[PDB]
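Before any questions on how it binds or moves, here is one chain, the form deposited in one PDB entry, in structure tokens.
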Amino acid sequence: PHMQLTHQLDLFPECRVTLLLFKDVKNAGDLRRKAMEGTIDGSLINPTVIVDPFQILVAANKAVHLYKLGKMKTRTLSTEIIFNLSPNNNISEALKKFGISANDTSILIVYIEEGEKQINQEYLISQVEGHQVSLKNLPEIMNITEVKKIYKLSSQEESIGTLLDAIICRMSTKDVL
């Protein structure tokens, strides 16, 4: 009975994506190190540049697709989700701008469960020195100026649709440039 947001993947119905959002985080540096050591589950994502959960679900769908084909661009599923958010194919740049660093105070954790792979959510939440919030609070954490900066969203793109739609178009087609 909780603040998590979960969705099944339509194309992979045995996979469920979970989103957890946190504010006032005080141990982001420890969290980043634990992710690199593999002692925290999920992708740690910078919510300041996340406009909508659909953006995450598109990135997650693609990551699972290439995971099962064995054709990921990055090393792990958790890095692949983060990489897929970026508008371009520079892996190091993507993981640094859409991942978390020690001077972040808001974190979005995204993980995927399927089959025997189960996440201990209570333990995960206990690792974050911060306050979990409902994803309803994402619009006050996302920074529209930073989003347009990272994505080079343009005036002609905004004239015909949402920022989200232009972002999704960039994400979904960057693998054929």
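Only residues modelled in both forms are compared. If you superpose the two forms and keep the largest set of C-alpha atoms that fall within 1.5 Å, you have the rigid core. Numbering starts at 1 and runs along the sequence shown.
Keep in mind that the form deposited in another entry is missing from the display, and what follows is about it.
Student: Have a look at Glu14, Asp10, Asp24, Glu158 and give me the residue whose C-alpha moves 2 Å or more between this form and the one not shown, with the fit done on the rigid core.
Tutor: Comparing both forms, the shifted residue turns out to be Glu158.
Student: Flagged pair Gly161/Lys136: C-alpha distance shifts by 3 angstroms or more in that other deposited form. Which direction, closer or farther?
Tutor: Between the C-alphas of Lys136 and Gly161, the gap narrows in that other deposited form (3 Å or more compared with this form).
Student: Distance change of 3 Å or more between the C-alpha atoms of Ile160 and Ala94 in that other deposited form: closer or farther compared with this structure?
Tutor: Result: closer.
Student: Spell out which consecutive segments of 3+ residues have Cα shifts of at least 2 angstroms at every position between this form and the one not shown, with the rigid core used for superposition.
Tutor: Shifted segments: 154-162, 172-174.
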